[PDB]
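Notes follow the structure.
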Amino acid sequence: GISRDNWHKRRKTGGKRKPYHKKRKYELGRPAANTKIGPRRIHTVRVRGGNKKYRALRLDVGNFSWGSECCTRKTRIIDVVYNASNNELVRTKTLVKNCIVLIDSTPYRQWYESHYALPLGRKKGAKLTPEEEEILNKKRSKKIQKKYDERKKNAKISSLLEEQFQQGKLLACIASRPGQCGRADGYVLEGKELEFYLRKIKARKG
Amino acid sequence: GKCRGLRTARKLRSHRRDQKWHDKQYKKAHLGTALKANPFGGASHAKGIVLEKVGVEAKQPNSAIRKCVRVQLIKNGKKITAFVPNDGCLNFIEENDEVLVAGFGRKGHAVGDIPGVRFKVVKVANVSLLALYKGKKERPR
Amino acid sequence: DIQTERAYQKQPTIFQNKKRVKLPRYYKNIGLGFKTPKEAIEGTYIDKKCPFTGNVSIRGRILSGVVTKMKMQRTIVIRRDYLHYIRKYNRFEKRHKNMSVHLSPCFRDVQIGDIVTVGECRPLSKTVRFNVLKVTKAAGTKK
Amino acid sequence: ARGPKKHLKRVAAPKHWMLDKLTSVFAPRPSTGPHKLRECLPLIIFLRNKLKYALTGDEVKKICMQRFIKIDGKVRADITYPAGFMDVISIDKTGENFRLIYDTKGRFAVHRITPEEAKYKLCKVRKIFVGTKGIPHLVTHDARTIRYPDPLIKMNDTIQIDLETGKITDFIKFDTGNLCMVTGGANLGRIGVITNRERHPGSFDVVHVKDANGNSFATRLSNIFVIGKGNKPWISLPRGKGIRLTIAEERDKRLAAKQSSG
Amino acid sequence: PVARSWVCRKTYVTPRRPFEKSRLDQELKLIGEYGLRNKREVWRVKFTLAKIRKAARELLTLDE
RNA sequence: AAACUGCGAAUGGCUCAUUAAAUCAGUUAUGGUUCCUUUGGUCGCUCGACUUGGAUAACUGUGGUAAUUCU
RNA sequence: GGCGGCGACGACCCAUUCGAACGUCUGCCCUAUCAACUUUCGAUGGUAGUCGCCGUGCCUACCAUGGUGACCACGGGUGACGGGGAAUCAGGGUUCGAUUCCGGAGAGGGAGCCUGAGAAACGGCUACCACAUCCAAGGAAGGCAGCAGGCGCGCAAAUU
RNA sequence: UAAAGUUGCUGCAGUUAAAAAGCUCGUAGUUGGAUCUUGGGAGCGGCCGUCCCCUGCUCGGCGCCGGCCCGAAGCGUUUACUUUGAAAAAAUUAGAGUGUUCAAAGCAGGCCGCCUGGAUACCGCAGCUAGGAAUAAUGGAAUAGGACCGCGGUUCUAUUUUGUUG
């Protein structure tokens, strides 16, 4: 059908080719997934060699990695913000590899507040009324409070992530190909990457 | 040759290639003009239908009337004076008879007396003109 | 200085967002006794198609030529002159095959006429199959 | 073709089978297996051409489906089974045992071995692999994935496996002065001591081999197999001993043997 | 794709000049003297010699 | 016997229309891939019923179309 | 009641085999009454994707203005499938190679796809174009560049 | 196809037979002057002919009282050329063997169970490899950012070293 052929197109010299054979099978194109943000719809495709390939068409969660302290969680994908390839694959919210998506923070905020035992996000003035993670900030033993203290000594997070955790939405970079594997896995933008992509979202904004 | 350079292989080759078109035998056999023009269309023989019997005057010094046949071919529909070879063999040919015609010998060139006659008659109505001449076969009637 | 594309440019291997309180650079030895240059290791460029600091392996054929054009970006046109033996006219003819070759920006000072060595690899583009390994500067041209 | 080929033309068959020209359009296409298409010798060609126990390839079907043939310690019932180098064919009802060693010419010959010799065989390793839980793996020239081998064994060493159990007993390491059967190229069937290794980064490493009459020759390291430490082989050798007498000397010895015998 | 040979050569060569009086003389001498039946029979013995002779001359170009 | 299931039907055979750096040949690469089969590995490595479910074909029996390897 | 021998079949993954695919270097006939060609319906690059079994303008989006050429590009012709080979031949060469081996391509013309490890399969399917077959006129069925064989074409080629 | 030295590389012609541009310049193309290792040390055969020699810097073995003699991996201008080696399907061709009754063929066969064969060569170019260094290209030090020397300094840094842990 739609071909992936090296023969349909000109040479170095600019000389057109006469085709010697009709479209082979292995010279194959399948139509683009163009996977969206919605309730999980993944279609299995048979490929060369009787092997499978999962076309995500809707995908709303992903196993994203917070690489600073090496934790990763299944987190909800809420919005596509920026695509470096095509500017029109942001309006039509298409998940591809190296997309800049907003994701939920609450799995990472939960991990931070359970591992470091410090209030992260949480706009200043308010309290926690259920008193669950209020008790998970306090009430440790002798030597394990010392373990949390030794951990607390070097527990500084960047002001950029502090702002994003406060709004409840991190910026993530899709690393998996949701067209191919059927998954929307990736990593969270930090340091120079985050400063770069925030500058590009700011330049596109106005 | 004239350029005896050690690195003159494209000059020596491309020169020969260019000058080989001044050879008459080559140009004939390597253009499409001599073949598209050839009545037989690059065949040894060809069958055609006899439409009239012609008496061609011998070129000169030797002055006899050579009994040829005007032939319309099957393959092209082209018209040909084909010489009836042996003595008194124009009696074996009537009008509207399929004749196998061959070349005369000189590869699309007039041969001796006969002017503008490049072909001879081999068979008449699927019977060889020698067998008729010797009288080993009779004409199918 | 760098990162002028819409996407972020970085080396894929090295991780640059470890918690603190100069970025580290990935390189490799290419093999075949070809020395990785200083500008590959000390430099700040980022090229996926560098045979020293990119995702490409040199295997099969090592060739050479003369750098003839440098107008494409990150890639150059070299020119391989040789002598083909026509056996009829027991002689050679001068023949050439110019090939597009990728030029790693670790080679900062390259001029046309410089005899470049190139290594066979996976196809980097439609017409490129060769990375530059080393550059030997032209006859004289010390100035 | 738009899938795998299933026929082999009699003419396109490898020259070392010594199949005649005129009997059939087709040659027996070796089944997939341990040895390569053009480096093996099918059971049928061993059983009806070399030994002539059969007449036709339907006789070879009758022999093998009585389960009388046992290639390297296990009974096969395929007439086109690729039996290759160092393999041990045990025809058990005749009480015979054959090793497929290359003669001084590129063919495999009828080399009869004793029932004690027929219990082990020698295998060149192709690569060292580290399996899914730090498990070291060999892969031999006949596709044996032998896991937990001795760590001193590296690529281009040979290992002596026992057929019955499939476990390594001894091994020759690829070092200079060791015997070498050449199993590929122009020198196919030569036996000599390895005198020199010549490394080539990227390209193919070549190996010079001195013979038992000082006839030194080179060979690509791919086409080399070590058959004993120093000057003593771990197998029995066919007459000629992979020494490769010249065609002038072959003519001399053949003529001397014919005239002297009568 | 048949299991036949096709391999065949000629055993004779017809001479260039068909009516050399001196050649027709000497070949009919050979036929009558050794009781042969045709000129092909002399021409094939001549061709067996010429093959042997061509082989022998090819060896004389090579060094001792 | 039939029918289901599995496998084969991508080989073989035929032809030379297309095809002029294409095809093909020698030469390398696959550290850039897929691979039924064969061969040898793996097949209580996971910490959580002494054999389960209900269709369908051959079969039996009513048929339709002028007609099919139709159903 | 527990426990066991010798197989057949099936199976994730690895290796091996049979391959296949896409790339490297080098090599092809005639033609200049074909000298400039290729390029915002990709031309040569770069970045990031999509697709693909993978590598890659393979295909998008955005940049860059490149790429090839008298060392003959580009266009045209071929009574051009390529090679191993064949005929002639002192030494050179010239000509041929549709043809049994290897590789390629096609199944009346293009095109699309199902199944499968492997097909863009045609002794598979779906259309269109061409030609053509049964018909109760509503429809159904087709693919001999397989072996025979028939017609046609022819100078030219065998047994249902 | 040879004959055709009537396409001419081998190898043709061009005053008058067909043929040198009207003349000169000129960029690719093609071809390019001379010049840079020679005299010896040693032995055999009967003054002559072949043979052995005219680069250095980690680990070992003919060893010796850190060095020397020797081997191994690596470093050591670029090619072209030539020589060798590796490798390159068979069939075909050349060609070995062998009384298909001869031969074309075939790959078989031969001995009163045994003994054998199914060789070998060639395979233009291009790619790989190791000798040789004449011939032909090519390179250097000339505002000296020239060597080979040991020295004074600087920046980064394997870590050998302070019973173990800063």
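Chain labels run A, B, ... following the order of the structure tokens; each chain numbers its residues from 1, and ligands are numbered from 1 in the order shown.
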Write out as a count of residues only the residues lying within 10 Å of residue G:134, counting only C-alpha atoms (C1' of nucleotides) and excluding same-chain residues fewer than 4 positions away.
3
Could I get the residues of chain D with an atom no further than 12 Å from an atom of chain E, each paired with its nearest atom pair and that distance in Å to one decimal, using only C-alpha atoms, sorted by chain and residue number, as a tab-separated table?
residue	atom	partner	partner_atom	distance
D:9	CA	E:1	CA	8.9
D:10	CA	E:3	CA	8.7
D:11	CA	E:3	CA	9.6
D:20	CA	E:3	CA	10.6
D:21	CA	E:3	CA	7.5
D:22	CA	E:3	CA	5.5
D:23	CA	E:3	CA	6.7
D:24	CA	E:3	CA	5.3
D:25	CA	E:3	CA	4.8
D:26	CA	E:3	CA	8.5
D:27	CA	E:3	CA	11.2
Using only C-alpha atoms (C1' of nucleotides), which chain G residues lie at most 12 Å away from chain C, written as JSON, numbers by chain?
{"G": [22, 23, 24, 25, 26, 27, 42, 43, 44, 45, 46, 47, 48, 49, 54, 55, 56, 57, 58, 61, 62, 63, 64, 65, 66, 67, 68, 69, 71, 72, 92, 93, 94]}
Could you list the residues in chain B lying within 12 Å of chain H, using only C-alpha atoms (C1' of nucleotides), and format the result as JSON, numbers by chain?
{"B": [1, 2, 3, 4, 5, 6, 7, 8, 9, 10, 11, 12, 13, 15, 16, 17, 18, 19, 20, 21, 22, 23, 24, 25, 26]}
With the cut-off set at 10 Å and counting only C-alpha atoms (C1' of nucleotides), tabulate each residue of chain F with an atom at most that distance from an atom of chain C, showing the nearest atom pair and its distance in Å to one decimal, ordered by chain and increasing number, as JSON lines.
{"residue": "F:28", "atom": "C1'", "partner": "C:60", "partner_atom": "CA", "distance": 5.8}
{"residue": "F:29", "atom": "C1'", "partner": "C:60", "partner_atom": "CA", "distance": 5.7}
{"residue": "F:30", "atom": "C1'", "partner": "C:122", "partner_atom": "CA", "distance": 8.6}
{"residue": "F:31", "atom": "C1'", "partner": "C:57", "partner_atom": "CA", "distance": 6.3}
{"residue": "F:32", "atom": "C1'", "partner": "C:122", "partner_atom": "CA", "distance": 6.3}
